[PDB]
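I have placed the structure first, in the form of structure tokens, so that the comments after it can refer back to it.
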Amino acid sequence: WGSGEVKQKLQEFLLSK
Amino acid sequence: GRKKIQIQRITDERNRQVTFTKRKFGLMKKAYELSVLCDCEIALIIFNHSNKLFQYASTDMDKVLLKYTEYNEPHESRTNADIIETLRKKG
Amino acid sequence: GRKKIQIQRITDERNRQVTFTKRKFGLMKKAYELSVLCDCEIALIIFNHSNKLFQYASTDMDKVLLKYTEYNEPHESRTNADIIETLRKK
DNA sequence: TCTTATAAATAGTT
DNA sequence: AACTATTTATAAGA
């Protein structure tokens, strides 16, 4: 888990709602 | 402190920065104590007016942020409005 | 308060729950005050030992979290170890 | 749960 | 920045 990879994962999850 | 203050935006640039630094540390210190006393995980994200980022995490930010994305169900959610209202009806 | 306490896990379950609820509000109240007094944006995420989720945001959580994902630049980062360190040295 | 004695945070002065 | 009188938060009794 990269720092940017969890942030980028956080980004998806937000925009997905 | 020496006096009670109103909870209002401090316009003096120097007092704002001094207070920001003081209370941000206080806030993190309380987050530290809360995580340890009660065995909880806590992440805190602060952007100051200059849009600079400050961050605290009991253990590790990315674990908490990961834990957050996988959270499906209803939770407790509070904002400044909820806090103010709760304080009003403390009287 | 009545007796000073050490910062270590409370073993009595019910005092732990009482302390969690009271100090959680304390923390959120201090966040509210910092957010208004210094006009900053704050988000707070808490998972208790039972993995139940508690959240606070000055304005809107999703708004703050999103901006976080766009900001990777060098910033301040703290953990309990850092705080414990600063307390030693103060 | 409520109160309160006491510890902890902090506003103002400097 | 330090300090400190005062406000605030809170541990423990109830």
Side-chain angles (χ1 to χ4, degrees), chain B residues 1-46 48-50 52 54-58 76 78-91, chain C residues 1-50 52 54-58 76 78-90:
Chain B
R2 294 300 178 109
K3 312 183 180 195
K4 204 173 155 272
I5 70 180
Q6 188 165 4
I7 307 305
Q8 287 165 345
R9 169 179 219 292
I10 301 173
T11 52
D12 165 35
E13 286 296 354
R14 179 190 107 238
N15 182 230
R16 193 181 72 248
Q17 304 290 330
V18 160
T19 298
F20 175 80
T21 314
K22 297 185 295 178
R23 276 171 178 266
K24 161 172 73 78
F25 180 75
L27 183 66
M28 280 173 190
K29 196 194 173 209
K30 281 204 169 280
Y32 158 64
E33 300 182 334
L34 174 54
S35 73
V36 172
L37 289 165
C38 298
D39 198 37
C40 50
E41 340 175 37
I42 307 166
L44 173 67
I45 297 170
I46 302 156
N48 75 350
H49 187 73
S50 291
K52 289 159 73 54
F54 302 80
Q55 93 167 33
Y56 151 87
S58 35
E76 166 184 293
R78 320 264 289 149
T79 61
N80 278 4
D82 299 283
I83 303 293
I84 288 152
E85 176 65 359
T86 303
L87 292 175
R88 196 195 65 108
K89 54 182 75 167
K90 292 193 195 300
Chain C
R2 289 292 183 91
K3 197 183 287 288
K4 181 199 221 285
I5 66 167
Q6 318 306 303
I7 313 312
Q8 68 184 0
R9 189 186 144 105
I10 297 171
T11 74
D12 171 48
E13 158 79 0
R14 289 179 299 166
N15 164 264
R16 197 187 43 116
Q17 296 285 346
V18 160
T19 304
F20 179 75
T21 299
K22 284 200 312 216
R23 271 174 178 258
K24 175 164 50 69
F25 184 80
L27 185 61
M28 274 173 188
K29 168 184 192 184
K30 289 273 197 195
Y32 149 67
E33 300 187 332
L34 180 57
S35 81
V36 169
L37 281 164
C38 295
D39 193 78
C40 52
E41 325 185 28
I42 307 180
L44 173 69
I45 286 166
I46 304 162
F47 291 101
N48 68 357
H49 179 75
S50 306
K52 166 98 202 85
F54 299 86
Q55 85 171 29
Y56 154 85
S58 180
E76 171 193 284
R78 306 256 164 271
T79 62
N80 280 0
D82 299 325
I83 310 302
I84 294 169
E85 177 64 11
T86 309
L87 289 178
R88 295 167 125 193
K89 302 306 229 287
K90 283 184 188 298

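Here is the naming used below: chain letters follow the sequence lines, and residue numbers restart at 1 for every chain.
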ask   = Along nucleotides 8-14 of chain D, 5' to 3', which nucleotides get a B, which get an S, and which get a -, given that the test is a protein heavy-atom distance under 4.0 Å?
value = SSBBB-B
request  = Measure from CZ on C/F20 to P on E/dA9 and round the result to the nearest Å.
outcome  = 18 Å
request  = Report the distance from atom OH of C/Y32 to atom P of E/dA9, rounded to the nearest whole Å.
outcome  = 11 Å
query = Between B/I7 (CD1) and E/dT8 (P), how many Å, whole number?
reply = 8 Å
message = Any non-hydrogen side-chain atom of B/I45 less than 4.5 Å from a side-chain atom of C/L44?
response = no
request  = For atom NZ of B/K52, decide whether the heavy atoms of other residues, nucleotides or ligands shown that lie under 6.0 angstrom number more than 12.
outcome  = no
key: For DNA chain E, stems built from three or more consecutive Watson-Crick or G-U wobble pairs below 3.5 Å   = D:3-12 with E:3-12
key: Nearest-angstrom distance, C1' atom, D/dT10 to D/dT14   = 16 Å
request  = Check the distance between E/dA11's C1' and C/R16's CZ and give it to me in whole angstrom.
outcome  = 17 Å
query = Strictly by modelled atom types, are B/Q8 and B/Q6 linked by a side-chain donor-acceptor pair under 3.5 Å?
reply = yes
key: Interatomic distance, B/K90 NZ vs D/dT3 P [rounded to whole Å]   = 12 Å
ask   = When rounded to the nearest Å, what value does the distance between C1' atoms of E/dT10 and E/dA14 take?
value = 16 Å
key: Ionic contact status for B/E76 with C/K24, cut-off 4.0 Å   = yes
B/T86-B/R78 side chain donor-acceptor pair, cut-off 3.5 Å = yes
request  = Drop me the distance from C/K30's NZ to C/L37's CG, to the nearest 0.5 angstrom.
outcome  = 10.0 Å
query = Under 6.0 Å between the ring centres of C/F20 and C/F25?
reply = no
task = Answer with yes or no whether the side chains of C/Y56 and B/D82 bring together a donor and an acceptor at under 3.5 Å.
result = no
